[PDB]
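Peer 1: Line by line, the protein sequences are chains A, B, B' and A'. A prime marks a further copy of an entry chain.
According to PDB author numbering, the first sequence holds residues 10 to 125 in order.
According to PDB author numbering, the second sequence holds residues 10 to 99, 104 to 123 in order.
According to PDB author numbering, the third sequence holds residues 10 to 99, 104 to 123 in order.
According to PDB author numbering, the fourth sequence holds residues 10 to 125 in order.
Backbone N, C-alpha and C define an ideal beta-carbon position, used for all residues, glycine too.
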Amino acid sequence: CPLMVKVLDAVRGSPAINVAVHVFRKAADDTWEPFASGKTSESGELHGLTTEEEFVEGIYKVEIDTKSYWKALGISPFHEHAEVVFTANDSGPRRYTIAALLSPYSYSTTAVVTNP
Amino acid sequence: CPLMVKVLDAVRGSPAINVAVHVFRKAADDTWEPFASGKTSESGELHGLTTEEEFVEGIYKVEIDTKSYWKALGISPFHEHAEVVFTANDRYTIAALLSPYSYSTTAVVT
Amino acid sequence: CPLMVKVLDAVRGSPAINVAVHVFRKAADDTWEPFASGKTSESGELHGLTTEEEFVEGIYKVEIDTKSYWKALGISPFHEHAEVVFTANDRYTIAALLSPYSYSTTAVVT
Amino acid sequence: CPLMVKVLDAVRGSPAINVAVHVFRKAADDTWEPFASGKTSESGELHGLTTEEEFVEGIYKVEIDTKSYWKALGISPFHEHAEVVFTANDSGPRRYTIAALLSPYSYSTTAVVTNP
Ligand SMILES: Cc1nnc(-c2ccnc3ccccc23)[nH]1
Ligand SMILES: Cc1nnc(-c2ccnc3ccccc23)[nH]1
Ligand SMILES: [Ca+2]
Ligand SMILES: [Ca+2]
Numbered sequence: 010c011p012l013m014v015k016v017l018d019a020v021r022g023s024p025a026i027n028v029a030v031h032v033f034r035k036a037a038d039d040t041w042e043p044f045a046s047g048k049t050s051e052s053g054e055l056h057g058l059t060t061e062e063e064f065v066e067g068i069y070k071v072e073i074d075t076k077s078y079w080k081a082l083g084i085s086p087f088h089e090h091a092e093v094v095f096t097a098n099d100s101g102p103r104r105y106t107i108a109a110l111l112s113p114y115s116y117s118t119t120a121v122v123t124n125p
Numbered sequence: 010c011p012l013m014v015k016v017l018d019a020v021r022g023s024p025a026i027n028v029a030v031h032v033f034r035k036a037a038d039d040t041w042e043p044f045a046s047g048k049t050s051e052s053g054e055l056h057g058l059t060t061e062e063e064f065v066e067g068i069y070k071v072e073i074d075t076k077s078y079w080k081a082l083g084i085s086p087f088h089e090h091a092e093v094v095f096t097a098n099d104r105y106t107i108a109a110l111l112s113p114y115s116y117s118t119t120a121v122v123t
Numbered sequence: 010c011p012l013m014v015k016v017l018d019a020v021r022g023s024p025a026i027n028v029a030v031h032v033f034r035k036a037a038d039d040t041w042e043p044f045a046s047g048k049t050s051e052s053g054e055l056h057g058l059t060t061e062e063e064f065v066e067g068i069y070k071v072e073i074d075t076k077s078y079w080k081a082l083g084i085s086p087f088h089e090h091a092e093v094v095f096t097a098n099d104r105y106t107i108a109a110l111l112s113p114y115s116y117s118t119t120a121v122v123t
Numbered sequence: 010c011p012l013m014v015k016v017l018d019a020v021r022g023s024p025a026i027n028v029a030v031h032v033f034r035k036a037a038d039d040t041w042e043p044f045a046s047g048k049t050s051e052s053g054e055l056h057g058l059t060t061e062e063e064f065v066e067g068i069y070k071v072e073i074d075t076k077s078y079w080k081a082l083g084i085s086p087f088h089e090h091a092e093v094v095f096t097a098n099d100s101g102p103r104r105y106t107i108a109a110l111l112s113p114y115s116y117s118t119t120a121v122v123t124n125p
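(1) Ends of the beta strand (DSSP E) at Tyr-78/A'?
(2) Report the option in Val-28/B', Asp-18/B', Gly-22/B' whose CA atom is closest to the CA atom of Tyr-78/B'.
(3) Which term fits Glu-92/A, buried or exposed, when burial requires 16 or more other beta carbons within 10 angstroms of its beta carbon?
(4) Given a threshold of 16 other Cβ atoms within 10 Å of its Cβ, counted over all protein chains shown, does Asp-39/B' qualify as buried or as exposed?
(5) I want to check one thing, is the minimum distance from the CB of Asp-99/A' to the heavy atoms of ligand 4 below 8 Å?
(6) So with CB distances below 7 Å, who are the chain B' contacts of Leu-82/A?
(7) Quick one: list the residues of chain B neighbouring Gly-22/B', beta-carbon separation under 8 Å, in chain order.
(8) Any idea if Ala-36/A' is buried or exposed, counting beta-carbon neighbours within 10 angstroms, 16 or more meaning buried?
(9) I need the DSSP call for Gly-22/B, collapsed to helix, strand or coil.
(10) Kindly provide the ranges of any beta strand (DSSP E) runs that are 3 or more residues long and lie completely inside the region 28-80 of chain A', ordered along the chain.
(11) Counting only beta-carbon separations shorter than 9 Å, does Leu-55/B' have a partner in chain A?
(12) Strictly under 9 Å for the Cβ-Cβ distance: is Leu-110/B near chain B' by that measure?
(13) Do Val-20/B' and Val-30/B' have their beta-carbon atoms positioned less than 9 Å apart in this structure?
(14) Taking 6 Å as the limit between beta carbons, can you name the residues of its chain near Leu-55/B', skipping five residues before and five after?
(15) What residues in the region 18-44 of chain B bring their beta carbon closer than 9 Å to a beta carbon of chain A'?
(16) Please indicate yes or no: does the CB of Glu-66/A' lie closer than 8 Å to some heavy atom of ligand 4?
(17) Suppose contacts are defined by Cβ-Cβ distances below 9 Å. Is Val-65/B' in contact with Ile-107/B' by that definition?
(18) Once the 5 residues before and after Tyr-114/A are set aside, which same chain residues still bring their CB inside 6 Å of it?
(19) So which residues touch the region around ligand 2, with touch meaning a C-beta under 5 Å from any heavy atom?
(20) Quick one: Cα of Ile-26/A' to Cα of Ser-52/A', how far?
(21) Since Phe-87/A' meets chain B', which of its residues come closer than 7 Å, beta carbon to beta carbon?
(22) Hey, does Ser-50/B have any beta-carbon neighbour from chain A nearer than 9 Å?
(23) Do we get a CB-CB distance below 9 Å when we pair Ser-115/A with the residues of chain B?
(24) What's the gap between the Cα of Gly-83/A' and the Cα of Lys-76/A'?
(25) Determine the chain B residues that contact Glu-92/A at a beta-carbon separation under 7 Å, and present them in chain order.
(26) I'd like the span of the beta strand (DSSP E) that includes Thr-123/B', first residue to last.
(27) In this structure, what does DSSP give as the bridge partners for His-88/A'?
(28) For ligand 1, any of its heavy atoms closer than 8 Å to the Cβ of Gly-53/A?
(29) With 9 Å as the threshold, decide whether the Cβ of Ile-68/B is near any Cβ in chain A.
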């Protein structure tokens, strides 16, 4: 799994479950093209987005649907989403974990990049 | 003063100075219209972006050029930028704390 | 103004108002001597804690009473408090962003 | 494992490896007593601190030695440590993950609490 996403909820102290995640890749023409999508599991983790073959060099955007997450819990959140945009695999293939921690008016994100 | 951006550096323990910030408003065709821009000051703050009459309800995007910031300090960064997207509903401070492989953002709405 | 504390609320998107803050300095016997205290203001800030002559080099602890803060809002919190411990070496802002099960802290030293 | 600690490095985008962690429990007399200690692994994780039998109700303090971590990397950090202090198991046994994200002048911490 060269790309994994993990989401936590800072209000409840829990994994953020059933969070939709959409991944895009910048095309030659500078537009965002769909790349992969999925939803977090009961552990707040999303595996299986992509493969070593499909996850080529490029500029990727990981868009985490924070707004729907909070709205489902009955809460009115501030942000439309949380996005992470980065260049991947420039110096050869790497594994990337994008982690996010969510509150209604705030989020943080970190990347863990490892060399297979 | 309806909209202010404040940027902090978690590596140096300082304001993030001379950070480029561009603000956009979402247009009816779902594209992003330029709205405001500037560079953070010596205090890491960017004031004077808009006025009450100009800042209508809508979806706004604050694009912070974190990559140029880190490169100007000689530090290797992960992100292309940090973009913060929110709805304004009828004073907003967008605050960001930057590290090379992470960022945090909060809204202070008073 | 050598020492300021600023507290923000990530749930409400606001300053964290009326938060109790106690500052201590580490004594030669490794116990903690009271140094300063106060409650954050309407802006989430606590100024006027010390003076330049009083704030000598040493190890300082800033204890923020996050549990009382959350309970006064009717919200169930994880932590007993948030304590931030650092060395002052010859202006410091200790900033904290609070959530019920998490907190973040940074130092702005100028 | 009722108590786990995970540490990440926000500068390098990596697990924070070889971080010392000391856990204390408040005694009857209101002092901190040693409870357990260990160091993070190559994954930035510390397992095996305690057991279901030993991890009784109480007020616990998890002290993460951030200062030594940065100093070993040749960096002068701001904080002496990062601590997390919480009441555990008050409404019955729970599993607790304390996660921390480190930068030289900043840290964040979150708790993930689950019901076995
Ligand atoms: C998953 C996961 N493992 N550690 C974290 C984490 C902890 C503290 N602060 C954060 C801020 C941003 C993203 C993750 C984190 N998340
Ligand atoms: C002052 C001041 N205005 N914003 C912070 C802030 C913003 C985002 N994330 C955080 C994480 C930790 C501490 C402060 C912050 N500090
Ligand atoms: Ca290349
Ligand atoms: Ca009990």
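Peer 2: Taking the coordinates as given:
(1) No beta strand (DSSP E) holds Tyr-78/A'; the alpha helix (DSSP H) holding it covers 75-81.
(2) Out of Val-28/B', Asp-18/B', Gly-22/B', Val-28/B' has the C-alpha closest to the C-alpha of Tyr-78/B'.
(3) buried
(4) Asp-39/B' is exposed by the Cβ-count criterion.
(5) yes
(6) In chain order: nothing, as chain B' lies at least about 12 Å away.
(7) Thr-119, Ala-120, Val-121, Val-122
(8) exposed
(9) If DSSP states are grouped into helix, strand and coil, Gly-22/B belongs with coil.
(10) 29-35, 41-48, 67-73
(11) no
(12) Chain B' contact via Cβ: present.
(13) no
(14) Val-14, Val-30, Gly-47, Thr-49
(15) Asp-18, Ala-19, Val-20, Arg-21, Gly-22, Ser-23
(16) yes
(17) No, these two residues do not count as a Cβ contact at 9 Å.
(18) These residues qualify, in order along the chain: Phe-87.
(19) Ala-108/B, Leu-110/B, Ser-117/B, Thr-119/B, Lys-15/B', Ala-108/B', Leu-110/B', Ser-117/B', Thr-119/B'
(20) 7 Å
(21) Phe-95, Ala-120
(22) It does not: the Cβ of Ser-50/B has no partner Cβ on chain A nearer than 9 Å.
(23) yes
(24) Distance between the alpha carbons of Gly-83/A' and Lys-76/A' is about 11 Å.
(25) What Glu-92/A touches in chain B: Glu-92.
(26) Annotation for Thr-123/B': no beta strand (DSSP E) segment contains it, and DSSP assigns it neither H nor E.
(27) Checking the DSSP bridge columns, you'll see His-88/A' partnered with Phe-95/B'.
(28) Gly-53/A Cβ: within cutoff of ligand 1.
(29) yes
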